[PDB]
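Enquirer: Pasting the sequence and an experimental structure:
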Amino acid sequence: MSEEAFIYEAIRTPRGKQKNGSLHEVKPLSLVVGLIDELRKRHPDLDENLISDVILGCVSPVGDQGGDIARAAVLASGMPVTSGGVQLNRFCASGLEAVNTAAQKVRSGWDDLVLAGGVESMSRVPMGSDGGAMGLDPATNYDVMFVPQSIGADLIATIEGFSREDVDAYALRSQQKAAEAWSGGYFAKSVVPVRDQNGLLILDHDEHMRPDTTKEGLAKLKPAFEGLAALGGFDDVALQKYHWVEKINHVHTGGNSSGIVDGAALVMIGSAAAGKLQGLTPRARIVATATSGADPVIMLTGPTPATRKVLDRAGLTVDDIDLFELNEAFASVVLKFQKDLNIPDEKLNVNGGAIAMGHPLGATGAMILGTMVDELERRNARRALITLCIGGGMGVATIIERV
Amino acid sequence: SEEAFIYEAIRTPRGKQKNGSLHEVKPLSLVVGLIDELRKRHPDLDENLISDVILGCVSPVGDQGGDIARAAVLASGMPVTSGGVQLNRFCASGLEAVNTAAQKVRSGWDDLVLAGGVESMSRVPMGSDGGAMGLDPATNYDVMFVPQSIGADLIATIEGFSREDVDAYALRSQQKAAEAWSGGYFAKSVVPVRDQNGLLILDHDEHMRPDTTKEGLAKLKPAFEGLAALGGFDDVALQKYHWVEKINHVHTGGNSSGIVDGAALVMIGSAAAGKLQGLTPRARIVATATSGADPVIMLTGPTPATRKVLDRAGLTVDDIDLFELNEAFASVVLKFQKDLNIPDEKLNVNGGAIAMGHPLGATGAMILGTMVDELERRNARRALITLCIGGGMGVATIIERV
Amino acid sequence: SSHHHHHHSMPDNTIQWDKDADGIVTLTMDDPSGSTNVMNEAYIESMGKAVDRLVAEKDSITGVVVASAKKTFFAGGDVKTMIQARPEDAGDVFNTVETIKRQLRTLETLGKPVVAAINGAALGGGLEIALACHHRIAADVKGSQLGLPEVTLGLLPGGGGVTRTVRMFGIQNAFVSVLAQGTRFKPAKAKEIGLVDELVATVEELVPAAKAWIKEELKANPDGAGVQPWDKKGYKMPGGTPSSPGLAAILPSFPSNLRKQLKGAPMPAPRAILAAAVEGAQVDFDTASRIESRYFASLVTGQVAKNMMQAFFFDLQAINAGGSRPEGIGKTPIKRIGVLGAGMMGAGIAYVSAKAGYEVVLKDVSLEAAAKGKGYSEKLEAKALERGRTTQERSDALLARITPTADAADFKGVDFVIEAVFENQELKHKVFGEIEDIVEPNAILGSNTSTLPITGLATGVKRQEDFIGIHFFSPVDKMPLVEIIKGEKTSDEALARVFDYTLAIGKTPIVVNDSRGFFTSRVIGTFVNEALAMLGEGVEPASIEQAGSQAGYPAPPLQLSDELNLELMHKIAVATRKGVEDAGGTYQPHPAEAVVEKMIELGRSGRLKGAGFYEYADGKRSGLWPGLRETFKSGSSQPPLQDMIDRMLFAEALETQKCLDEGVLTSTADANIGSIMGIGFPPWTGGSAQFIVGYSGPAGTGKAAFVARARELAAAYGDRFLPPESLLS
Ligand SMILES: Cn1nc(C(F)(F)F)cc1B(OC[C@H](O)CO)c1cc(C(F)(F)F)nn1C
Ligand SMILES: *[B-](O)(c1cc(C(F)(F)F)nn1C)c1cc(C(F)(F)F)nn1C
Ligand SMILES: Cn1nc(C(F)(F)F)cc1B(O)OC[C@H](O)CO
Ligand SMILES: Cn1nc(C(F)(F)F)cc1B(O)O
Ligand SMILES: Cn1nc(C(F)(F)F)cc1B(O)O
Ligand SMILES: Cn1nc(C(F)(F)F)cc1B(O)O
């Protein structure tokens, strides 16, 4: 609880779309190596032997993402063999868990400088490719009453009273703020364009974005998790636990849910001595982290107790946080989070979110963390809180302070 | 700072690969059984105080995909706030989970954490998860991928370990594992696996061959000569180690780690957490460290990792009472013993993976708990646990009995 | 390792051995202890002896034929053994089915063809024996059935049925079509789905056709003779294994779909079948078979299987044997039936009576109404043609026996009357007065009645000896119980004639002594009133309906209350208030009566009037009434779901005990089967009486645990849950 952990760099690739995406031809190992080489470009005299570990989140560590992709990135990029490399999977919060684990490894005093982030090429390795101890075990699947994240989001909208127009209004809000952030140049220094082995450009923007989105177009979209609940019977299973609810209002579509995209993110985290030894300017400080959870089946109410726990841990309140960043897995989860904690609208996902730019599962946590490092510096604000809902029913939150 | 203590350290028996007792048992069930044993030992434990469950797993696919740590939390009825994360650092995944749990406790942002690993190699074989290298010839070609087996034979060639030398260590491991079982050393930590009706499935380490003879070990054929020719990995290895003319293939199934199924769990928490829940600490995590060496030999990572964890705790070899290095291959342990001049009667004193097996993701937590018991049995003070890793990595941990 | 049930230190012999000059061994199963081959201790030792001999003489044996000398092939097991298996006997249960399957596995890997000569019914272990053979031939004879129905008893096919049907059809088709519901198949449909390979017309052709197939198989396929598909190098499971990408995408939806079908009811057998099926498809055949044994031991030693086995093998069999039928009476064949009333009840009674073969005269006030009553049978027969069950010939003869009329003279020559008009005593008096003289002098005077005592209805006819209550349940074509009510002047011969009529139309009878509400209507009243009480207390209606479905009922209680009509529930409470205040006392009003009147006051008295607890549009149910939550302030009371479930189950169980105390019922067999088939008491309980002796909760098991839980409900919800003295000491 002694060594303060600092963020020195936080970069990410652009997010390529699922259908006819620009990054579909790019191996997820190449997405990480490109970010490693960018860190070298910004700090050429850095002694990489001081880097003691590389922690990458990855929700589907199979195929191109199997065999400890973090260690593969270490060996492929020519980093020292002493730099380790570990893959971890905590569903949607894997990217932020890698950052938090790196920060906690620094706080323990037994690691000095760590790379953290995530990688997910969902166009090459789709969600569910890794099978699953739950889905292959009907005896347990039957008992825990497994219900996909999507039905829980519709259930949250049903319970909280969020209409189809309410969630589509937030989706339009995310598209507008993501376009304003790209036009204003907020992402110019942290989105590292992907290039091939000849230096040719592959992708330099978040191509899932639809900046010309309208209230009228969103209302025409069909609810996307309606045939999932009918053919799978997940509606009836959800209402067996939530027996006071009669019918689930299916409001979520492809336009108000997170996008299926490819991408990676890297964060350099180390102690103050590590920054001074290598001449690195600290950009922010990891104030506190927290892991919690809430009701399963609903699956997505986990970020509420995790935020209160990280605020209680840092001795802060909602009023002390300048920027709130919650992953836009589904619009109703953000609206529930905003309603529970009374988050001011001007502070919540101010540069857009996964509805506009995409949700590359294993990398999203580190992407939205780096987004808040940039926005605190741009606004000259002080504190930001970053959190993500998780599958199974858990949550992860992190507080950072600009330095 | 906040000190990290070990309160419980248990493991399942290790079932063999061919006609194994645990082949019918899902790896999720192996973890839940250990969770239920922790409850039997502390029925008034407030599980809401448990903030995470960190499991190592090298092949997280199929029965082991979908964050098996979270699945164990939900399957066992643990609170939904108890987390659940899977990690993979190859062979040290089990010890990395324990070390990460200890560092989470030292950071002050976690109070009580379950850590360990699970690997059902008979159901999910090694390499089932694909791999970012084998599917990428451009990077496989550049990093010079050579299987850990050939690197072990290469270590024996460079260091001058004969076939009789590695077989002599294999016999030593079978004897000490048999002496540990018959002596009752493992009685309290090995939790027999039972079915849904309470019927016994397995209560001992099947892979053990306690009637092993040095004549019988010499009759075995080198397991990795067929691998060396079909893949050309011998030539790839000698292109880097160009001063070596020919690799002496000394490793067999009798002097290499066994492919087995198993799981392990360790309860780690702060002193205030153990005080608040009525837990008696068994050992303290003094220091952890990670390093590595060449990724073509691959298995020389333990030496710098052990050297690093000793400098970090302000200790040397003569301060350590017991050394525990995973018996992935016999030459790796002999190399380790030669480099750091480890006394013979301090090294893997209760046998190792050659006798009992190497359930990849769980081995680090198994041998960690194996030292927790042997320190209390001998009333000794310090123990150092370390493992070689795929890709050329290494992890080490020093525990102190309390 | 052994083929035998004992390997230390004496059963009979049930299998005859015959080896022809060609080396074909014919095993003929002929258990001397009964008319049916059954998986008893004698069979296990007999098959073990035969399989040992098959291996010992393998050099002189070319093929095997498994046959039966009974009218059936093989059906069932020794139930007294399974029902007594305690949780501590799980090791012996496990070892027993492992021994049973070790015999079939050797028969299956003998290196030579084995053919099943299925002469009759092959049910459960009988089909499992056949599935161990390499080729199955069935004789298409009437009455023959093939299936694995052990899930209906709370068990699973633990003799290889799960493992082999999954290898044959894949996980999804084997579970849905064969295992989950234990579907029985006629020989023709069994061959269509692949459960049987060939058909023959008569049983005499079976053994010759089997030996002919063995001869041709050895000549045409000598390399794969006696080798099942799953024992070959390139075997590919239909629909894929769980690791195959196509099936792995939908496999997480299988438990949720099962939970949808069961509506959350606590039936562990389908869950165990799905687990054994999927887990078995992940491993080799022998490992899959051992997993199947473990899940089978979980069900046998469980309480639910003991409830279900008790209801079928002991209660239902005692009823079908004549347990409630009086002793001395013989037969009295019925020529012509007279149904009074052409509503859904009378038209349904006319359908099940004509389908069994009787001539039926269907009277109403007008021919227009009686014609629409026969139209109920026409539209049921129109759907039976399109689905292909009945033919075009038999359907025209079925409708031809229904004679719609309005003239009372058309009841000329009727020897069995079934009245089914409005629930009104003075109306029933008149309708029988207009009809008792036109009918035969020996005719049964039956009355379909829900609550009105039969003794009072009989005072409106001359021959009260032949007056009786014959209570049917809507819709009559699908509901299987007939509640026969014995009036005070009803003769023993009238009971036996209606008892035989109930069996003739393919329904199950119970005999009930005359009383208000009888058994079914009185007990189901405590079920609906308990839910209306919860609604008045402030419990959410959606939670009440979920509690009804998750308890295992076929219809949630508010949905059922809209179909019974609240005006009828009102005047039953008014009639019961006269049954006390006329005798000179005070009435104890059920708290549900206040909810019934508030709904009538609001003009929402059920489905007939267009609105009740649910809204109705276009003749279909359209969700709960939105104003229902404001009327009763729903959400103010939030008891746990298990309290709502227990309140409904305990109300009926306690009311069932009262009926046994008062003498309304004369056997617990009638109470269990009557509650299951009559009012839809959940099958997993084994009946509303078995619910007491076999109760299982977090506090314990048995009658003492039922009493303890009933006292928790009484202290928290009212004295109506206090147990009667008959359950105490
Ligand atoms: C009549 N019947 N025959 C079989 C046989 F196995 F012979 F094929 C199975 C059933 B059966 O289920 C009916 C089936 O589900 C169709 O509704 C049933 C009723 C009872 C009872 F005791 F509650 F009445 N118990 N069972 C197991
Ligand atoms: B064996 O005699 C048998 C059954 C049991 C158990 F407790 F598990 F029920 N224990 N033993 C020793 C046996 C088998 C059968 C049959 F019905 F054929 F399956 N019946 N018995 C009595
Ligand atoms: C006996 N049964 N089995 C199933 C299945 F296995 F397919 F899921 C469905 C039913 B069933 O009759 O539907 C209502 C139910 O019985 C009430 O709980
Ligand atoms: C005697 N018997 N046993 C079964 C079962 F389900 F166990 F296989 C079915 C019958 B039967 O329909 O008579
Ligand atoms: C009739 N029977 N008894 C058993 C028991 F309980 F002994 F295991 C199993 C069967 B069976 O497979 O039909
Ligand atoms: C009719 N049916 N029964 C099942 C189950 F789960 F019980 F087997 C599944 C379905 B289905 O949706 O086709």
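Expert: The structure has been received and is ready for your questions. Numbers count the residues shown, from 1 in each chain, chains lettered A, B, ... in the order given. Ligands and ions are numbered 1, 2, ... in the order given.
Enquirer: drop to CA atoms for contacts and neighbour counts, all remaining ones
Expert: Fine.
Enquirer: Quick one: name the residues of chain C near ligand 3.
Expert: C:180, C:181, C:258, C:261, C:262, C:263, C:265, C:270, C:552, C:553, C:554 (Cα under 6 Å from any ligand atom).
Enquirer: Could you tell me which of those residues count as buried?
Expert: C:180, C:181, C:258, C:262, C:263, C:265, C:270, C:552, C:553, C:554 (16 or more other Cα atoms under 10 Å in any protein chain shown).
Enquirer: and of the residues of chain C next to ligand 3, the nearest to ligand 1?
Expert: Set against ligand 1, the nearest of the residues of chain C next to ligand 3 by Cα to the nearest ligand atom is residue C:181 (7.0 Å).
Enquirer: The closest one reaches residue C:154, doesn't it?
Expert: No. Look at residue C:181 against residue C:154 with Cα atoms under 8 Å: they stay out of range, at 10.5 Å.
Enquirer: Taking the residues of chain C next to ligand 3 together, which two end up most distant?
Expert: The span of the residues of chain C next to ligand 3, defined through Cα to Cα, is set by C:180 and C:553 at 18.5 Å.
Enquirer: Out of the buried ones among the residues of chain C next to ligand 3, just show me the ones up against ligand 1, please.
Expert: Of the entries in those, none also sits close to ligand 1 under the rule Cα under 6 Å from any ligand atom.
Enquirer: Pick out whichever of those residues sits closest to residue A:141.
Expert: For those, the nearest to residue A:141 is residue C:258 (11.0 Å; Cα to Cα).
Enquirer: The closest one in helix, strand or coil?
Expert: Of the three states, residue C:258 takes helix under DSSP: H, G, I helix; E, B strand; the rest coil.
Enquirer: and if you look at residue A:387?
Expert: strand.
Enquirer: mind listing the helices for the stretch 201-350 of chain C?
Expert: All helices of the stretch 201-350 of chain C, identified by DSSP state H, counting those that start in this stretch, fall at C:206-220, C:245-250, C:253-262, C:268-281, C:285-300, C:303-309, C:317-320, C:344-356.
Enquirer: export these to TSV and tack on distance to residue A:236?
Expert: Compiled in TSV, the helices of the stretch 201-350 of chain C are given as follows (distance: least, Cα to Cα, whole Å):
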stretch	distance to residue A:236
helix C:206-220	48
helix C:245-250	17
helix C:253-262	6
helix C:268-281	17
helix C:285-300	26
helix C:303-309	24
helix C:317-320	37
helix C:344-356	32
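Enquirer: how about these in a markdown table, adding distance to ligand 6?
Expert: A markdown table is the format used below for the helices of the stretch 201-350 of chain C (distance: least, Cα to the nearest ligand atom, whole Å):
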| stretch | distance to ligand 6 |
| --- | --- |
| helix C:206-220 | 33 |
| helix C:245-250 | 12 |
| helix C:253-262 | 4 |
| helix C:268-281 | 8 |
| helix C:285-300 | 18 |
| helix C:303-309 | 18 |
| helix C:317-320 | 27 |
| helix C:344-356 | 26 |
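Enquirer: Tell me which of those helices lies nearest to ligand 5.
Expert: Closest to ligand 5 of the helices of the stretch 201-350 of chain C, according to Cα to the nearest ligand atom: helix C:285-300, at 6.8 Å.
Enquirer: Next, the buried residues of that closest one.
Expert: Buried residues in helix C:285-300 (16+ other Cα under 10 Å): C:285, C:287-300.
Enquirer: repeat for stretch C:27-38
Expert: C:27, C:28, C:29, C:30, C:31, C:36, C:37, C:38.
Enquirer: Next, see if that stretch gets close to ligand 4.
Expert: No. On the criterion Cα under 6 Å from any ligand atom, stretch C:27-38 is out of touch with ligand 4, staying 7.3 Å away.
Enquirer: Any residue of that stretch touching ligand 1?
Expert: No. Contact between stretch C:27-38 and ligand 1 is absent, the nearest approach being 13.2 Å (criterion: Cα under 6 Å from any ligand atom).
Enquirer: Okay, helices next: where are they in the stretch 51-200 of chain A?
Expert: So, for the stretch 51-200 of chain A - with DSSP H, counting those that start in this stretch - the helices run A:69-76, A:94-107, A:138-144, A:149-160, A:164-183.
Enquirer: And the contacts of the longest one?
Expert: What that stands for is helix A:164-183. A:187-188, A:209-211, A:213-215, A:218-219, A:251-252, A:255-257, A:331-332, A:335, A:349-353, A:355-357 (Cα atoms under 8 Å, 6 or more residues apart in numbering or on different chains).
Enquirer: Buried subset of these as a ChimeraX selection?
Expert: Burial among the contacts of helix A:164-183 is assessed by 16+ other Cα under 10 Å; the matching ChimeraX selection reads:
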select /A:187,209,210,213,218,219,251,252,255,256,257,331,332,335,349,350,351,352,353,355,356,357
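Enquirer: thinking again about what came up before, what's the closest of the helices of the stretch 51-200 of chain A to residue C:440?
Expert: helix A:138-144 (60.0 Å).
Enquirer: which residues are contacting the closest one?
Expert: A:134-135, B:74-75, C:252, C:254-256, C:259, C:271-272, C:274-275, C:278.
Enquirer: Of these, which is the nearest to ligand 2?
Expert: residue C:272 (18.7 Å).
Enquirer: Enumerate every residue touching whichever residue of the stretch 151-300 of chain C sits closest to ligand 4.
Expert: Scanning the stretch 151-300 of chain C for the residue nearest ligand 4 gives residue C:153, at 6.6 Å (criterion: Cα to the nearest ligand atom). In this structure, residue C:153 makes contact with C:305, C:308, C:309, C:312, judged by Cα under 8 Å, 6+ apart.
Enquirer: now residue 236, nearest residue through space, not along the chain?
Expert: Using chain A. residue C:260 (5.8 Å; Cα to Cα, 6 or more residues apart in numbering or on different chains).
Enquirer: if you could check chain C rather than the one you did, that'd help
Expert: residue C:230 (7.8 Å).
Enquirer: My guess is the one you found contacts residue C:167. True?
Expert: Yes. The pair residue C:230 / residue C:167 is scored as a contact, 6.6 Å apart, by Cα under 8 Å.
Enquirer: Can you pull the domain assignment for the chain?
Expert: Here I'm looking at chain A. The record's domain split for chain A, according to CATH domains of a matching chain, is A:1-125+A:186-286, A:133-185+A:287-400.
Enquirer: Actually, chain C is the one I wanted.
Expert: C:1-333, C:334-517, C:518-729.
Enquirer: Which among those domains is found nearest to ligand 2?
Expert: Proximity to ligand 2 (Cα to the nearest ligand atom) singles out domain C:1-333 among the domains of chain C, at 3.2 Å.
Enquirer: Quote the end-to-end distance of that closest one.
Expert: Its first and final residues considered, domain C:1-333 spans 58 Å by Cα to Cα, to the nearest Å.
Enquirer: Give me the number of neighbouring residues for residue C:321.
Expert: Residues lying near residue C:321 (other Cα atoms under 10 Å in any protein chain shown) number 10.
Enquirer: let me fix that: residue C:531
Expert: Close neighbours of residue C:531, defined as other Cα under 10 Å, add up to 26.
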